[PDB]
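One structure is given below, encoded as structure tokens.
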Amino acid sequence: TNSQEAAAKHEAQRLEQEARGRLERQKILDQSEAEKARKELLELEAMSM
Amino acid sequence: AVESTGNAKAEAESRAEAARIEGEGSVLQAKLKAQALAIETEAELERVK
């Protein structure tokens with residue numbers, strides 16, 4: 001049962017790992033789209049200045 | 001890139017604008033200055049003659 005404990009623990013740690021990496025990848029995607037919108041906004045801003 | 005090129009383009013075109021207005025303005029003002037010096041040196045040359 002202790003082996004089951006370590007197994008479930010390491011398993012939850014694994015899903016936590018995949019969840020963190022996935023959500024981080026999601027941050028990167030949002031940062032990308034935000035970078036593009038920020039770029040077009042920089043077009044309007046540079047033209048403004 | 002778009003930001004820095006944008007601001008630099010703005011300041012540079014500003015200098016181009018000032019250079020252009022200074023240009024044509026220098027042309028017209030130099031022309032009126034030309035007529036002024038002309039009539040002045042003309043009457044001066046007459047009375048001095």
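In the structure tokens, chains take letters A, B, ... by order of appearance, with residues numbered from 1 within each chain and ligands from 1 in the order shown.
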Please report as a tab-separated table every residue of chain A lying within 12 Å of chain B, along with the nearest atom pair and their distance in Å (one decimal), using only C-alpha atoms.
```
residue	atom	partner	partner_atom	distance
A:36	CA	B:2	CA	11.5
A:38	CA	B:3	CA	10.3
A:39	CA	B:2	CA	7.5
A:40	CA	B:2	CA	9.2
A:41	CA	B:3	CA	9.8
A:42	CA	B:3	CA	6.1
A:43	CA	B:2	CA	7.1
A:44	CA	B:6	CA	9.8
A:45	CA	B:3	CA	8.3
A:46	CA	B:6	CA	4.8
A:47	CA	B:6	CA	7.2
A:48	CA	B:10	CA	9.0
A:49	CA	B:10	CA	6.5
```
